[PDB]
Amino acid sequence: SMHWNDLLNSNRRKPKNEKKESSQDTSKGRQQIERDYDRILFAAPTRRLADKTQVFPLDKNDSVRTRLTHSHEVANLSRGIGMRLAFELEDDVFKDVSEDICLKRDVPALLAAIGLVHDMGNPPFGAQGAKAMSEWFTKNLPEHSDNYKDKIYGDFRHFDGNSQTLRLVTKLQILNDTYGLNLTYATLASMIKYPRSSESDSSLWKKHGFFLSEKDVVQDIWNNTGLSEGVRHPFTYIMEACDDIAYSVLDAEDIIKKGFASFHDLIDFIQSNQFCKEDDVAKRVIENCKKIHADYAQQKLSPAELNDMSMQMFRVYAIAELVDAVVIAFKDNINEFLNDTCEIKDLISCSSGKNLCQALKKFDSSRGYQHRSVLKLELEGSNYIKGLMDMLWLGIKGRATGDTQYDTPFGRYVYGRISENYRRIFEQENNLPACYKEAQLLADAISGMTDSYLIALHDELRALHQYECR
Amino acid sequence: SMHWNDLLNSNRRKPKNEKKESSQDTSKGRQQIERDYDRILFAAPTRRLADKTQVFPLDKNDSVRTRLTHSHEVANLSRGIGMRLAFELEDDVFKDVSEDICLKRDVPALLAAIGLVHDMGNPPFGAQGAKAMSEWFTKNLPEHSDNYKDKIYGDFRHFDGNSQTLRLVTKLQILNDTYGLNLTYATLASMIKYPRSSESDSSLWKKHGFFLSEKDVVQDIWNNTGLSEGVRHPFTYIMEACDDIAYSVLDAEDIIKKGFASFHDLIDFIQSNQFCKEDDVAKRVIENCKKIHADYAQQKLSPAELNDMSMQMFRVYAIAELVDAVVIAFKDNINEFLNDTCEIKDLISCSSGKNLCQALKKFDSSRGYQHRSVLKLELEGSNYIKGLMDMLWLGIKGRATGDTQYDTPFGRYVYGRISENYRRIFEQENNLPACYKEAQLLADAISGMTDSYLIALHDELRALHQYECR
Amino acid sequence: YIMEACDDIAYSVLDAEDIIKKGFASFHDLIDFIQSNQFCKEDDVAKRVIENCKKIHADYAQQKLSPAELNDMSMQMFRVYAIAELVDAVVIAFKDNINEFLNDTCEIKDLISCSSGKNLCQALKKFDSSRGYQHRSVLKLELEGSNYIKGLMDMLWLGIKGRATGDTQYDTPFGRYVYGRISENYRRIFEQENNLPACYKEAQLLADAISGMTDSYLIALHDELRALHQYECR
Ligand SMILES: Nc1nc2c(ncn2[C@H]2C[C@H](O)[C@@H](COP(=O)(O)OP(=O)(O)OP(=O)(O)O)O2)c(=O)[nH]1
Ligand SMILES: Nc1nc2c(ncn2[C@H]2C[C@H](O)[C@@H](COP(=O)(O)OP(=O)(O)OP(=O)(O)O)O2)c(=O)[nH]1
Ligand SMILES: Nc1nc2c(ncn2[C@H]2C[C@H](O)[C@@H](COP(=O)(O)OP(=O)(O)OP(=O)(O)O)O2)c(=O)[nH]1
Ligand SMILES: [Mg+2]
Ligand SMILES: [Mg+2]
Ligand SMILES: [Mg+2]
């Protein structure tokens, strides 16, 4: 029902400049989606992703994954799946594609680009950052108050990383042209994890994928790609499956490396798992891991080195099996994915690696996400985020509504400390409600920060807030 | 006279195991060079590259480029050049290539893999780090002494990161099997930037590219790829050109971002440069930058934002021009590169972007490399490295020659602090001289450390060295 | 008028020089700002200053100098030429409008605006505001100084209010010590019997006390009184 020509649209939102000369051409024999990948890679938020943590602290020299490393791994897995689709399963998947589209250069580049940018706008301090901002907005934007009675403010009471990522990649650049990185329609369409807003009440997607401010942009993307509300781009399923596989496997690897568990602990957990006792993929992975572990034990290795090698081989085998299962599932259900009324929640659940991935997620939650150190760090990050949000709100509230409670010197300094692009977007005259604009400015300010930068700003403003507090 | 079939050899050094069932296959429809890129990406040193610095400190939240970001940018540029070669200039570049080789999947993957791993084995604290090591090896391995009189010890007196990178990817893995990551012959051949040893005296290459311990491995690579001593793989020129372009442009960008200079300063430096006054590439870049800077000045931006965006446009123009020039130069001189007696020093010199790259390097050296803060940090890193090397040599010296000066408790402790794989390699019975083995152990230990890890280890050992020092 | 014009010229030029020296901008940045300024594109004084600066900068670039040294020399020559041009313009304007200045109903706002160096001085002021006055470090220091001043003023007001009106809320030991810490001449003027309102006298005493302080002295006094204010606060 949905044609690949529209889904792989290489046009961009910004109108083409007719004054450009041949000397200003920058493509240099590159496909448009490859240019999108290059734009994402060379963006400042991509580099700042290194300073933002993923699960565990990033300053312990334990080679744990950060946002940048996780994004690169997801991009690599998506690129590999794209190579498989465009070089082996072209006939099965891309049945009707115009000759003007080079699948072998576009599909891998598109998958890599959407994988690399999938977690670009998430708040710092992991998922606890988004949770903390959601709690702060719920407390400071009460639903019973007439100013925030509207459901649109749910965009902040249930703050999502994906909506902020779309806003950042589309509107939050230095130039205020509502075009951002000016990615192709295919990349923007594939980037939308949840094609619905908080105003909508879709039961298929629990979260919302875009803010109220980006509603027109998302409508344009849907119009230029043949999609609609509630319908997810076919490559978004691949990107989500790759993200799930990557985080589930590499978080277990990081847990083993950090000493919170051991390779034998993971093997026993998978073997004793209720759904993994009879799963073929899990059985094959366990058999391969044990076979390699015997040979490794034959050699001379320290216990930590043996654990590391066994974990590495487990990662290799699990990633291979899960990627193969995901590719097979996508190939088998390609017609349903291309259907205009697709209702598949995720690609992994339709594959044979569902049980293994679910067991890995459970192991990561039980061993790593609920670890005492991780919980303490999450609480510290929540305190930092909430304190900084209160301090910034002291200098933001009333700036658009009309009240002058921000005119204190601390308020003016705090407002000046926010990045210039965010303030420029906030001061622009549009149809958004004033309270919505203030809350969006605060969310944009906090979301773009890294852990170290957020902590430093919080400490600095706490030092400068002493007089006003008393 | 060299053939692309040998240069793109996808075989690996490790003998292919015969007792492997189909259930243990992890290729999953991947080309071997793609698996090489995946192995490089998922390796622990690749993740640890984020903690290693390139020019400027990492703790500042200015989004300056680390070793990981620089390697990823180099890999992206090499991948783009490979896509251009395999999709547009296939007839001009690749002739008499076997149908078994899939150029469209191998060439971009090979270039990306060699770009990503090009700086995996460099010592921390930037280039000065390696320099510092050389100084230490010059003092503690005196040339006039009979023990260290042979030229092979020059391998440490002129320590270079490329030889250590080759050793890391070939031997310095946890599993001691002399195969390392088991990369393909094409990747290993393209990785060797300087195809000569310290003992060999060649006027073509300034530095050596491999240690004495890797002489047999390099000979095997040359035998299996058709190369020889002093002959460089054709893709190594592309990788080196991409590395030069990336560092020269992005170091200027980081200098401007850090505030050590401004966009107008760079424009004036390029315009007033003796060789860039009449250079076509430099003139075009300056014209495009000014044309876009006028339009950007039409809008309302802060001076910092204007500088940042103007230099962003400068980057997107200069990188495009330099990449196009490098591709054209490689296409034109392909016969000379394929010759068994190639003498070209670098690809950029043969290109038309030579003057712009030279001017950018001069600007980086004058403004960023010789800045006061960078010099102070380099001195601190040199002090840290030399102190740690002294403390480690206290526990390494005599471990192989036969002396017992290491038997002190501090010596045993610092020997135990070194990673187990390095000690396993050092204790293995081989033909290397004992002094060479000790020096190699120290070099492998120091090179594999990150900045923060090196500082922490130095401080800890200094704390523990108090009793024996007195 | 002459004093105000000299003050304007001095601060506008030397603040730009200090901005360049401190690294917040560069000589080429200032040259581009002046050249691209709307009112300085056709101003004769600005054109002459830019031409002289470029002519001297070429010769300086011929010599061997570090980038910081080249910036410093170019800034010094810009200061020399701009100061000369602005002073000459101010003198000419004062000489031409001397009768209006001596008029009993003079309505001239400033001497620079009547001179030919008006555009250059205005552009220099805009450059100083955009680069130096709104710099992040300057804003943070301004906020710190504001906090220090307001805290010290509250602490001193604790020991001043009511001293002349009649209320005895100052009789706490901290209030008496704070009053004793103020300079003797200010207190002697405040205690003098005159026709000023009591609240006006108290406010004037506080203003005289704070205004005569320096940065280091104000910070030290604020810290000392904060240390001595712990018991009264609780
Ligand atoms: N610190 C911490 N992180 C968690 C926890 N649970 C999940 N995470 C992390 C791991 C994953 O990156 C991610 C998993 O959450 P989701 O799968 O729901 O991600 P998202 O909603 O963005 O899209 P998705 O469901 O993957 O399609 O958050 C937890 O309990 N504690
Ligand atoms: N901190 C610091 N870094 C430098 C300095 N000079 C160069 N670098 C940076 C730039 C490069 O990424 C790298 C050295 O560049 P080179 O081209 O000279 O390296 P190499 O001799 O291996 O030749 P090649 O890269 O193959 O063209 O370190 C310096 O003086 N101080
Ligand atoms: N920290 C800071 N200082 C400023 C700023 N704007 C002006 N200044 C400084 C520079 C000058 O010394 C002086 C400029 O203010 P005025 O020209 O109004 O001085 P004033 O009113 O005393 O008399 P005048 O106008 O010169 O005749 O204050 C600012 O935005 N931040
Ligand atoms: Mg993710
Ligand atoms: Mg490099
Ligand atoms: Mg003055």
Side-chain angles (χ1 to χ4, degrees), chain A residues 45 48-71 119-140 156-161 164 247 250-251 254-255 257-261 364-396 410 414 417-419 442-466 468-469, chain B residues 50-51 58-61 63 452-453 455-456:
Chain A
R48 281 186 293 117
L49 273 182
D51 306 338
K52 278 186 287 296
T53 190
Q54 167 92 9
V55 171
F56 304 104
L58 70 151
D59 46 62
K60 263 67 182 306
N61 299 114
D62 35 20
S63 179
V64 291
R65 263 98 186 162
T66 72
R67 296 271 194 74
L68 182 61
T69 319
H70 161 79
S71 299
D119 270 349
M120 176 135 297
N122 294 8
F125 294 131
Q128 178 74 192
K131 297 183 177 61
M133 312 216 315
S134 305
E135 293 159 1
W136 189 97
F137 276 132
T138 309
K139 173 184 178 180
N140 282 98
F156 306 118
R157 296 186 215 114
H158 315 94
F159 189 87
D160 192 304
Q164 180 72 11
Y247 97 77
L250 304 171
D251 285 343
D254 289 1
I255 288 167
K257 159 72 54 60
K258 218 155 175 56
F260 298 158
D364 297 0
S365 174
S366 61
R367 305 297 194 287
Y369 300 159
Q370 302 304 313
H371 196 265
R372 158 177 65 290
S373 63
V374 174
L375 294 184
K376 181 179 182 183
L377 258 285
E378 279 186 5
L379 176 59
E380 291 179 357
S382 171
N383 284 358
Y384 274 136
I385 286 189
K386 289 189 174 186
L388 188 58
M389 286 180 89
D390 287 313
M391 299 219 264
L392 295 180
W393 201 237
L394 285 186
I396 294 177
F410 180 83
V414 151
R417 282 300 317 243
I418 305 176
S419 305
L442 180 53
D444 292 354
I446 302 284
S447 309
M449 278 169 209
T450 66
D451 306 4
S452 315
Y453 186 85
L454 197 142
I455 292 175
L457 186 59
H458 169 271
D459 289 356
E460 172 187 305
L461 296 193
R462 270 274 185 284
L464 300 171
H465 196 21
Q466 292 309 298
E468 305 267 358
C469 275
Chain B
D51 294 82
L58 326 187
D59 56 50
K60 321 293 184 302
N61 301 288
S63 80
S452 47
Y453 189 93
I455 293 179

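Letters A, B, ... are given to chains in the order of the sequence lines, protein chains preceding strands, and every chain is numbered from 1. Values below: all heavy atoms of this structure, side chains included; hydrogens, waters and symmetry mates excluded.
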>> A:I446 vs A:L388, test: side-chain contact (heavy atoms from CB on, under 4.5 Å). Steps then yes/no.
In response: CA-CA 8 Å; A:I446 302 284; A:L388 188 58; 4.0 Å; yes
>> Quick one, A:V64 with A:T69, criterion side-chain contact (heavy atoms from CB on, under 4.5 Å). Give me CA distance, side-chain angles, the key distance, then yes/no.
In response: CA-CA 9 Å; A:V64 291; A:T69 319; over 6 Å; no
> Side chains of A:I418 and A:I396: does their closest heavy-atom pair fall under 4.5 Å?
Replying inline: yes
> Can any side-chain N or O of A:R462 pair as donor or acceptor with the backbone N or O of A:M391 at less than 3.5 Å?
Replying inline: no
>> For a side-chain contact (heavy atoms from CB on, under 4.5 Å) check, start with the C-alpha distance between A:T53 and A:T66, then their side-chain angles and the critical distance, and finish with the verdict.
In response: CA-CA 5 Å; A:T53 190; A:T66 72; over 6 Å; no
>> Restricting to ring pair (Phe, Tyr, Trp, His ring centres under 6.0 Å), what partner residues turn up for A:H158, sequence neighbours left out?
In response: none
>> Under 3.5 Å, is there a donor on one side chain and an acceptor on the other for A:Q164 and A:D444?
In response: yes
>> Taking ring pair (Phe, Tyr, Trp, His ring centres under 6.0 Å) as the definition, give me every residue that meets it alongside A:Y453, ordered by chain and number, with sequence neighbours left out.
In response: none
>> Between A:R65 and A:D254, does any NZ, NE, NH1 or NH2 come within less than 4.0 Å of an OD or OE carboxylate oxygen?
In response: yes
>> Between A:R48 and B:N61, is the side-chain contact (heavy atoms from CB on, under 4.5 Å) condition met? List the steps.
In response: CA-CA 8 Å; A:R48 281 186 293 117; B:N61 301 288; over 6 Å; no
> If every non-hydrogen atom of A:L49 is compared with every non-hydrogen atom of A:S71, which pair is closest and at what distance?
Replying inline: CD1-OG, 3.8 Å
> Excluding sequence neighbours, so at least two apart, what forms ring pair (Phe, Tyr, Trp, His ring centres under 6.0 Å) with A:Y369?
Replying inline: none
> Considering all heavy atoms of both residues, which atom of A:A445 and which atom of A:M449 are nearest to each other, and what is their separation?
Replying inline: O-CE, 3.3 Å
> Roughly how far, to the nearest 0.5 Å, is the CZ atom of A:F260 from the CD atom of A:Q370?
Replying inline: 12.5 Å
>> How close do A:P123 and A:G161 get, counting heavy atoms only, and between which atoms?
In response: CD-CA, 4.4 Å
> Do A:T450 and A:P124 touch side chain to side chain, with heavy atoms closer than 4.5 Å?
Replying inline: no
>> Show the nearest heavy-atom pair for residues A:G387 and A:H458, with the distance to one decimal.
In response: C-CD2, 4.1 Å
Side-chain polar contacts of residues 372-382 of chain A - donor-acceptor pairs under 3.5 angstrom, sequence neighbours left out - could you list them?
from, atom 1, to, atom 2, distance (Å)
A:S373, OG, A:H371, ND1, 2.9
A:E378, OE1, A:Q128, NE2, 3.3

> With sequence neighbours left out, what residues match A:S447 under side-chain hydrogen bond (donor to acceptor under 3.5 Å, both in side chains)?
Replying inline: none
>> With a 3.5 Å distance limit and no angle check, can you tell me whether A:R367 reaches the backbone of A:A261 through a side-chain donor-acceptor pair?
In response: no
>> What I'd like to find out is whether the side chain of A:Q54 reaches to under 4.5 Å of the side chain of A:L250, using heavy atoms alone.
In response: no
>> Between A:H70 and A:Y247, does the ring-ring contact (aromatic ring centres under 6.0 Å, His included) criterion hold? Intermediate values first, please.
In response: CA-CA 7 Å; A:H70 161 79; A:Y247 97 77; 7.3 Å; no
> Under 4.0 Å between a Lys/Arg side-chain N and an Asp/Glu carboxylate O for A:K258 and A:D62?
Replying inline: yes
> Are side-chain heavy atoms of A:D451 and A:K52 found at a separation under 4.5 Å?
Replying inline: yes
Considering only distance and modelled atom types, tabulate donor-acceptor pairs under 3.5 Å from the side chains of residues 129-138 of chain A, sequence neighbours left out.
from, atom 1, to, atom 2, distance (Å)
A:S134, OG, A:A130, O, 2.7
A:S134, OG, A:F159, N, 3.3
A:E135, OE1, A:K386, NZ, 3.1
A:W136, NE1, A:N140, OD1, 3.2
A:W136, NE1, A:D390, OD1, 2.7
A:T138, OG1, A:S134, O, 2.6
A:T138, OG1, A:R157, O, 3.4

> Does the side chain of A:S452 come under 3.5 Å of the side chain of A:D51 through a donor N or O and an acceptor N or O?
Replying inline: no
